[PDB]
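K.L.:
What follows is model_10.txt, made up of compact mmCIF, C-alpha atoms:
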```
# COMPACT_ATOMS: atom_id res chain seq x y z
CA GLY A 90 19.51 -66.91 58.20
CA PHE A 91 22.96 -68.35 57.20
CA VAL A 92 23.68 -71.88 58.44
CA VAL A 93 27.05 -70.59 59.72
CA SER A 94 26.74 -68.70 63.02
CA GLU A 95 29.39 -66.06 63.80
CA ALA A 96 30.84 -68.27 66.57
CA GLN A 97 31.30 -70.99 63.96
CA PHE A 98 32.74 -68.61 61.39
CA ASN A 99 35.29 -67.50 64.00
CA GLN A 100 36.05 -71.03 65.11
CA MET A 101 36.93 -71.80 61.49
CA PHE A 102 39.00 -68.63 61.06
CA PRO A 103 40.67 -67.72 64.31
CA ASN A 104 43.45 -65.96 62.45
CA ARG A 105 41.62 -63.92 59.85
CA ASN A 106 42.62 -60.44 58.90
CA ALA A 107 39.99 -57.89 60.06
CA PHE A 108 39.29 -57.13 56.38
CA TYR A 109 37.24 -60.29 56.25
CA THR A 110 34.23 -59.98 58.52
CA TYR A 111 31.37 -62.29 59.27
CA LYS A 112 29.04 -59.41 58.38
CA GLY A 113 30.82 -58.92 55.07
CA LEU A 114 30.09 -62.56 54.22
CA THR A 115 26.40 -62.51 55.25
CA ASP A 116 25.78 -59.26 53.36
CA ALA A 117 27.19 -60.86 50.20
CA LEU A 118 24.84 -63.87 50.38
CA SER A 119 22.18 -61.76 48.53
CA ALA A 120 24.17 -61.94 45.27
CA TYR A 121 23.69 -65.70 44.96
CA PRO A 122 20.46 -66.71 46.63
CA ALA A 123 20.89 -70.46 45.90
CA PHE A 124 24.23 -70.61 47.74
CA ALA A 125 24.03 -72.52 51.05
CA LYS A 126 20.28 -72.50 50.43
CA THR A 127 19.86 -75.44 48.04
CA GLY A 128 19.19 -78.90 49.48
CA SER A 129 18.55 -79.96 53.07
CA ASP A 130 20.13 -78.41 56.13
CA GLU A 131 22.86 -81.01 56.02
CA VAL A 132 23.63 -80.19 52.39
CA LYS A 133 23.34 -76.46 53.09
CA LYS A 134 25.94 -76.81 55.85
CA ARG A 135 28.06 -79.05 53.63
CA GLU A 136 28.22 -76.39 50.88
CA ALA A 137 28.98 -73.58 53.31
CA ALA A 138 31.80 -75.69 54.81
CA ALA A 139 33.07 -76.69 51.38
CA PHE A 140 33.25 -73.04 50.31
CA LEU A 141 34.94 -71.78 53.48
CA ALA A 142 37.40 -74.72 53.55
CA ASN A 143 38.48 -73.79 50.05
CA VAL A 144 38.61 -70.08 51.03
CA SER A 145 40.75 -70.99 54.04
CA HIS A 146 43.23 -72.85 51.88
CA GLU A 147 43.41 -69.99 49.33
CA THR A 148 44.09 -67.33 51.93
CA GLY A 149 45.81 -69.10 54.84
CA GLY A 150 42.79 -69.16 57.15
CA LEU A 151 41.70 -65.71 55.89
CA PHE A 152 44.96 -64.30 57.12
CA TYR A 153 45.87 -62.82 53.72
CA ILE A 154 44.08 -60.36 51.34
CA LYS A 155 46.48 -59.99 48.44
CA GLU A 156 48.46 -62.96 47.08
CA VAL A 157 51.80 -63.34 48.93
CA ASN A 158 54.46 -64.05 46.24
CA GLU A 159 54.92 -60.66 44.47
CA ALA A 160 57.40 -62.31 42.13
CA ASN A 161 54.65 -63.88 40.11
CA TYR A 162 52.24 -60.90 40.01
CA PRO A 163 53.36 -60.12 36.41
CA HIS A 164 51.98 -63.46 35.21
CA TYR A 165 48.17 -63.07 35.33
CA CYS A 166 47.62 -60.92 32.24
CA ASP A 167 46.29 -62.92 29.30
CA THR A 168 46.86 -60.60 26.33
CA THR A 169 45.02 -62.84 23.91
CA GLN A 170 41.81 -61.56 25.47
CA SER A 171 40.52 -58.61 23.43
CA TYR A 172 39.99 -56.39 26.48
CA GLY A 173 43.64 -56.75 27.61
CA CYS A 174 45.04 -55.59 30.96
CA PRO A 175 43.97 -51.95 31.34
CA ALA A 176 44.96 -51.68 35.03
CA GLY A 177 48.47 -53.04 34.43
CA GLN A 178 50.41 -56.06 33.21
CA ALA A 179 51.00 -57.14 36.84
CA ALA A 180 47.70 -56.04 38.37
CA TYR A 181 45.59 -59.19 38.17
CA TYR A 182 47.23 -61.07 41.04
CA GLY A 183 45.17 -62.99 43.59
CA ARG A 184 42.90 -61.02 45.92
CA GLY A 185 40.17 -61.88 48.44
CA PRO A 186 38.62 -65.12 49.75
CA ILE A 187 38.99 -67.06 46.52
CA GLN A 188 42.16 -65.19 45.44
CA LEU A 189 40.57 -64.03 42.22
CA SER A 190 43.25 -63.78 39.53
CA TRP A 191 43.73 -63.20 35.79
CA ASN A 192 42.43 -60.31 33.73
CA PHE A 193 39.83 -62.58 32.17
CA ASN A 194 38.44 -63.54 35.57
CA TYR A 195 38.31 -59.99 36.83
CA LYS A 196 36.48 -58.88 33.67
CA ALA A 197 33.96 -61.75 33.85
CA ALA A 198 33.41 -61.32 37.60
CA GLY A 199 33.00 -57.58 37.05
CA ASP A 200 30.32 -58.09 34.41
CA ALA A 201 28.52 -60.53 36.64
CA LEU A 202 28.53 -58.09 39.52
CA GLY A 203 28.13 -54.86 37.60
CA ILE A 204 31.42 -53.52 38.93
CA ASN A 205 34.32 -52.65 36.71
CA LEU A 206 36.98 -54.89 38.20
CA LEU A 207 38.91 -55.04 34.94
CA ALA A 208 39.74 -51.36 35.11
CA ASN A 209 40.03 -51.31 38.85
CA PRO A 210 41.01 -54.79 40.19
CA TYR A 211 42.20 -53.21 43.48
CA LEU A 212 38.59 -52.91 44.58
CA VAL A 213 38.88 -56.58 45.56
CA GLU A 214 41.69 -55.91 48.04
CA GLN A 215 39.95 -52.71 49.20
CA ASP A 216 36.30 -53.52 49.64
CA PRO A 217 35.31 -56.54 51.76
CA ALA A 218 31.82 -56.84 50.22
CA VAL A 219 33.26 -56.70 46.73
CA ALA A 220 35.83 -59.31 47.83
CA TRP A 221 33.31 -61.68 49.36
CA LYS A 222 31.14 -61.31 46.27
CA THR A 223 34.03 -62.25 43.95
CA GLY A 224 34.35 -65.39 46.02
CA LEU A 225 30.69 -66.34 45.77
CA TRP A 226 30.86 -65.33 42.13
CA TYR A 227 33.52 -67.96 41.40
CA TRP A 228 32.00 -70.54 43.68
CA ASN A 229 28.67 -70.35 41.92
CA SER A 230 29.41 -69.74 38.23
CA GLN A 231 32.90 -70.95 37.34
CA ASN A 232 34.18 -74.16 35.88
CA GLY A 233 37.86 -73.31 35.89
CA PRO A 234 40.01 -76.32 35.14
CA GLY A 235 37.09 -78.67 36.00
CA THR A 236 33.65 -79.33 34.46
CA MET A 237 31.04 -77.89 36.88
CA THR A 238 30.45 -75.09 39.35
CA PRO A 239 31.78 -75.89 42.84
CA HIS A 240 28.16 -75.09 43.86
CA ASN A 241 26.77 -77.94 41.78
CA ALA A 242 29.67 -80.22 42.63
CA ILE A 243 28.18 -80.05 46.13
CA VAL A 244 24.45 -79.74 45.36
CA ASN A 245 24.56 -82.57 42.83
CA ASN A 246 26.34 -84.64 45.49
CA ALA A 247 29.14 -84.94 42.91
CA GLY A 248 31.70 -84.76 45.75
CA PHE A 249 34.03 -82.21 47.37
CA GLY A 250 36.74 -83.57 45.13
CA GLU A 251 35.07 -81.72 42.36
CA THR A 252 35.15 -78.31 44.06
CA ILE A 253 38.94 -78.89 44.24
CA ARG A 254 39.03 -79.65 40.52
CA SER A 255 37.12 -76.55 39.41
CA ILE A 256 39.05 -74.27 41.74
CA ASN A 257 42.56 -75.50 40.86
CA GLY A 258 42.25 -79.01 39.29
CA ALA A 259 44.93 -78.45 36.59
CA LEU A 260 47.68 -77.89 39.18
CA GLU A 261 46.28 -79.98 42.04
CA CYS A 262 44.30 -83.10 40.90
CA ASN A 263 45.60 -86.29 39.28
CA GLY A 264 48.78 -86.22 41.32
CA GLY A 265 49.33 -82.66 40.21
CA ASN A 266 49.96 -81.79 43.85
CA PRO A 267 48.57 -84.01 46.56
CA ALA A 268 49.90 -81.81 49.39
CA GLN A 269 47.29 -79.22 48.46
CA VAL A 270 44.43 -81.61 47.84
CA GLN A 271 45.03 -82.75 51.43
CA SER A 272 45.05 -79.22 52.83
CA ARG A 273 41.69 -78.63 51.19
CA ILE A 274 40.14 -81.91 52.42
CA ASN A 275 41.57 -81.44 55.93
CA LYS A 276 39.93 -78.00 56.20
CA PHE A 277 36.74 -79.53 54.81
CA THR A 278 36.79 -82.19 57.57
CA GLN A 279 37.50 -79.59 60.28
CA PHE A 280 34.73 -77.31 59.03
CA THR A 281 31.98 -79.88 58.50
CA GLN A 282 32.79 -81.18 61.95
CA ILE A 283 32.37 -77.55 63.20
CA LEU A 284 28.93 -77.16 61.65
CA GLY A 285 27.74 -80.59 62.69
CA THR A 286 27.42 -81.84 59.07
CA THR A 287 28.93 -84.70 57.01
CA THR A 288 31.56 -84.45 54.22
CA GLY A 289 29.83 -86.75 51.78
CA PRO A 290 31.47 -88.86 49.08
CA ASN A 291 34.36 -88.46 46.65
CA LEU A 292 36.45 -86.01 48.66
CA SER A 293 39.60 -86.23 46.55
CA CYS A 294 40.95 -85.76 42.99
```
What do you get writing this file as structure tokens?
P.N.:
Amino acid sequence: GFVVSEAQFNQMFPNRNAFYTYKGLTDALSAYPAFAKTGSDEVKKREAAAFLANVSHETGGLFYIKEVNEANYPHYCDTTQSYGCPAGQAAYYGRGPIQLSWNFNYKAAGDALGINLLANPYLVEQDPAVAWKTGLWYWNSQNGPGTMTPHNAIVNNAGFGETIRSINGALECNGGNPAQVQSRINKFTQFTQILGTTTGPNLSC
């Protein structure tokens, strides 16, 4: 049973849209049985916190489902990928707890979850369980602009800093944008405190 109790979940997200439910999250745990299950209790809590902290930053405390700035919707369609942008040139904008974006990421996430998110990316804004799963998907399998899965970054005690790097690294780390690095870490401190666990080393990037 998930190291995050509902009370805790709520304490972390007192402003979450009703789309995102505690039960949605717990149901999605299936998909990635190692997640918040590898390592000791302390480490298990650390990963859970690390994930949710990042989620919180991506979605303004789970307030938002679809990415806010419509102006830049048209910019997530990489046409050098063979499979293109079937659902529309401006259809791969951020959705759900990790704000999944880009045609390539919808495709890949779709394959991994046996759902055709490339053809219908709106499923992420529509179905909570799909949306949670796309989060865990990314968390557990993606390197993004970094060099490991956020999951390992935590489980290999490689440091929260590294979850930042693999989630947004390119824009945020190395002075890219320290405002955002701080948001992430702050949430991570709040959340670990909430679960009674420690943050561990190398928090920054």
K.L.:
Can you work out which one of A:148, A:286, A:188, A:246 has the shortest atom-to-atom distance to residue A:102, counting all atoms listed in the file?
P.N.:
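Of A:148, A:286, A:188, A:246, the one nearest residue A:102, counting all atoms listed in the file, is A:148.
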K.L.:
Report as a PyMOL selection string all protein, DNA and RNA residues lying within 8 Å of stretch 138-146 of chain A, evaluated on all atoms listed in the file, omitting residues in the same chain fewer than 5 positions from it.
P.N.:
chain A and resi 102+151+186-187+228+243+249+252-253+272-274+276-277+280-281+284
K.L.:
Of the residues A:257, A:269, A:278, A:230, which is the one nearest to residue A:120, using only C-alpha atoms?
P.N.:
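When distances to residue A:120 are compared using only C-alpha atoms, the smallest one comes from A:230.
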K.L.:
Show which residues sit within 12 Å of residue A:160, as number ranges by chain. Count all atoms listed in the file, and ignore same-chain residues fewer than 5 positions away.
P.N.:
A: 165, 179, 182
K.L.:
With 6 Å on each side, where is the centre of the axis-aligned box around all listed atoms of stretch 245-258 of chain A, and how long are its edges in Å to one decimal, as lines of an AutoDock Vina configuration file?
P.N.:
```
center_x = 33.6
center_y = -79.6
center_z = 43.3
size_x = 30.0
size_y = 22.7
size_z = 20.1
```
K.L.:
Quick one: of A:233, A:103, A:289, A:210, who's nearest to residue A:134, counting all atoms listed in the file?
P.N.:
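Checking each of A:233, A:103, A:289, A:210 against residue A:134, counting all atoms listed in the file, the winner is A:289.
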K.L.:
Expressed in Å to a single decimal, how great is the separation between atom CA of residue A:107 and atom CA of residue A:213?
P.N.:
14.6 Å
K.L.:
For atom CA of residue A:129 and atom CA of residue A:97, determine how far apart the two atoms are, in Å to one decimal place.
P.N.:
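Straight-line distance from atom CA of residue A:129 to atom CA of residue A:97 works out to 19.0 Å.
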K.L.:
Give as a PDB file with C-alpha atoms, keeping the file's coordinate frame every residue, naming chains and numbers as the document does, that has an atom within 8 Å of (39.3, -58.4, 36.1), counting all atoms listed in the file.
P.N.:
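Final output, saved to part.pdb:
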```
ATOM      1  CA  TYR A 181      45.590 -59.190  38.170  1.00  0.00           C
ATOM      2  CA  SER A 190      43.250 -63.780  39.530  1.00  0.00           C
ATOM      3  CA  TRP A 191      43.730 -63.200  35.790  1.00  0.00           C
ATOM      4  CA  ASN A 192      42.430 -60.310  33.730  1.00  0.00           C
ATOM      5  CA  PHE A 193      39.830 -62.580  32.170  1.00  0.00           C
ATOM      6  CA  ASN A 194      38.440 -63.540  35.570  1.00  0.00           C
ATOM      7  CA  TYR A 195      38.310 -59.990  36.830  1.00  0.00           C
ATOM      8  CA  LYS A 196      36.480 -58.880  33.670  1.00  0.00           C
ATOM      9  CA  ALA A 197      33.960 -61.750  33.850  1.00  0.00           C
ATOM     10  CA  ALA A 198      33.410 -61.320  37.600  1.00  0.00           C
ATOM     11  CA  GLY A 199      33.000 -57.580  37.050  1.00  0.00           C
ATOM     12  CA  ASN A 205      34.320 -52.650  36.710  1.00  0.00           C
ATOM     13  CA  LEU A 206      36.980 -54.890  38.200  1.00  0.00           C
ATOM     14  CA  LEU A 207      38.910 -55.040  34.940  1.00  0.00           C
ATOM     15  CA  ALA A 208      39.740 -51.360  35.110  1.00  0.00           C
ATOM     16  CA  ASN A 209      40.030 -51.310  38.850  1.00  0.00           C
ATOM     17  CA  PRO A 210      41.010 -54.790  40.190  1.00  0.00           C
TER      18      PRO A 210
END
```
K.L.:
For each of A:184, A:172, A:237, A:279, take the minimum atom-to-atom distance to residue A:212, counting all atoms listed in the file, then give the residue where this is smallest.
P.N.:
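Among A:184, A:172, A:237, A:279, it is A:184 that comes nearest to residue A:212.
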K.L.:
When you draw a straight line from atom CA of residue A:224 to atom CA of residue A:265, how long is it in Å?
P.N.:
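We find that atom CA of residue A:224 and atom CA of residue A:265 lie 23.6 Å from each other.
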K.L.:
Name the residues in contact with residue A:271 at a cut-off of 10 Å, using all atoms listed in the file, excluding same-chain residues fewer than 3 positions from it; report them as a ChimeraX atom specification.
P.N.:
/A:261,266-268,274-277,292-294
K.L.:
Which is closer to residue A:123 than all the others in A:137, A:204, A:287, A:96, using only C-alpha atoms?
P.N.:
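Checking each candidate against residue A:123, we get A:137 as the closest.
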K.L.:
Reconstruct N, CA and C atoms of stretch 180-197 of chain A from the incomplete input and present them as a compact mmCIF listing (two decimals), in the frame of the given file.
P.N.:
```txt
# COMPACT_ATOMS: atom_id res chain seq x y z
N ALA A 180 48.72 -56.56 37.47
CA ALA A 180 47.70 -56.04 38.37
C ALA A 180 46.59 -57.05 38.66
N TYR A 181 46.68 -58.22 38.04
CA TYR A 181 45.59 -59.19 38.17
C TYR A 181 45.96 -60.38 39.07
N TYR A 182 46.79 -60.09 40.07
CA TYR A 182 47.23 -61.07 41.04
C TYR A 182 46.10 -61.40 42.01
N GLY A 183 46.25 -62.48 42.76
CA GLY A 183 45.17 -62.99 43.59
C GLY A 183 44.76 -62.03 44.69
N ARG A 184 43.45 -61.79 44.80
CA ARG A 184 42.90 -61.02 45.92
C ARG A 184 41.65 -61.70 46.50
N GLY A 185 41.42 -61.48 47.79
CA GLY A 185 40.17 -61.88 48.44
C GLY A 185 40.03 -63.37 48.65
N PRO A 186 38.88 -63.79 49.22
CA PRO A 186 38.62 -65.12 49.75
C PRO A 186 38.83 -66.23 48.76
N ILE A 187 38.71 -65.98 47.47
CA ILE A 187 38.99 -67.06 46.52
C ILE A 187 40.26 -66.76 45.71
N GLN A 188 40.96 -65.70 46.12
CA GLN A 188 42.16 -65.19 45.44
C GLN A 188 41.93 -65.08 43.96
N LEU A 189 40.93 -64.29 43.60
CA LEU A 189 40.57 -64.03 42.22
C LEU A 189 41.77 -63.49 41.48
N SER A 190 42.04 -64.08 40.32
CA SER A 190 43.25 -63.78 39.53
C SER A 190 42.98 -63.87 38.04
N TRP A 191 43.87 -63.27 37.25
CA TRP A 191 43.73 -63.20 35.79
C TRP A 191 42.79 -62.09 35.33
N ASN A 192 43.25 -61.34 34.32
CA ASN A 192 42.43 -60.31 33.73
C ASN A 192 41.09 -60.87 33.26
N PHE A 193 41.09 -62.05 32.66
CA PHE A 193 39.83 -62.58 32.17
C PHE A 193 38.85 -62.82 33.29
N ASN A 194 39.34 -63.23 34.46
CA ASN A 194 38.44 -63.54 35.57
C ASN A 194 37.93 -62.29 36.25
N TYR A 195 38.74 -61.25 36.26
CA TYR A 195 38.31 -59.99 36.83
C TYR A 195 37.22 -59.35 35.99
N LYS A 196 37.47 -59.28 34.68
CA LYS A 196 36.48 -58.88 33.67
C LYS A 196 35.16 -59.61 33.91
N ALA A 197 35.16 -60.92 33.71
CA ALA A 197 33.96 -61.75 33.85
C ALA A 197 33.23 -61.52 35.17
```
